[PDB]
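*Asks:* Here is the input, now give the coordinates:
(2 chains)
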Amino acid sequence: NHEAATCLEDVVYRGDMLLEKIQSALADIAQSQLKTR
Amino acid sequence: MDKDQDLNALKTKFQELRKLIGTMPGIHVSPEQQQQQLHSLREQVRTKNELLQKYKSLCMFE
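*Replies:* Numbering: from 1, shown residues only, chains lettered A, B, ... in the order given. The relevant structure is shown in the block below.
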């Protein structure tokens, strides 16, 4: 159960890192769009 | 004729038509201000296109 939980936590951490990177890219794009207007 | 027409009205109508065509094209304010605004809009469009190309081509995720 600990091995399964560690694998699930690693997968969830990878997914959360991907979501955070996507959110950071979206925030940068929105800041650029606001600065360009 | 008077050696012994409607030029004013024609010129007024021509000026009105030219002003209408300019306001339809964008000649309604000062020329320098309009040129600066057009240059700024072109620069903004170019910056937006460059940002889109930089954010779309080199995708971080895969």
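*Asks:* For residue B:48, the count of nearby residues, please.
*Replies:* 14 (other C-beta atoms under 10 Å in any protein chain shown). No exception for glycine: its C-beta is placed from N, CA and C like everyone else's.
*Asks:* try residue A:19
*Replies:* Residues contacting residue A:19 under the criterion other C-beta under 10 Å number 10.
*Asks:* how far away is it from chain B?
*Replies:* Distance, residue A:19 to chain B, using C-beta to the nearest C-beta, to the nearest Å: 10 Å.
*Asks:* Would you mind listing what in chain B touches chain A?
*Replies:* B:44, B:47-48, B:51, B:55, B:60-61 (C-beta under 8 Å from any C-beta of the partner chain).
*Asks:* now with 6 Å?
*Replies:* Chain B comes close to chain A at residues B:44, B:47-48, B:51, B:55, B:60, as judged by C-beta under 6 Å from any C-beta of the partner chain.
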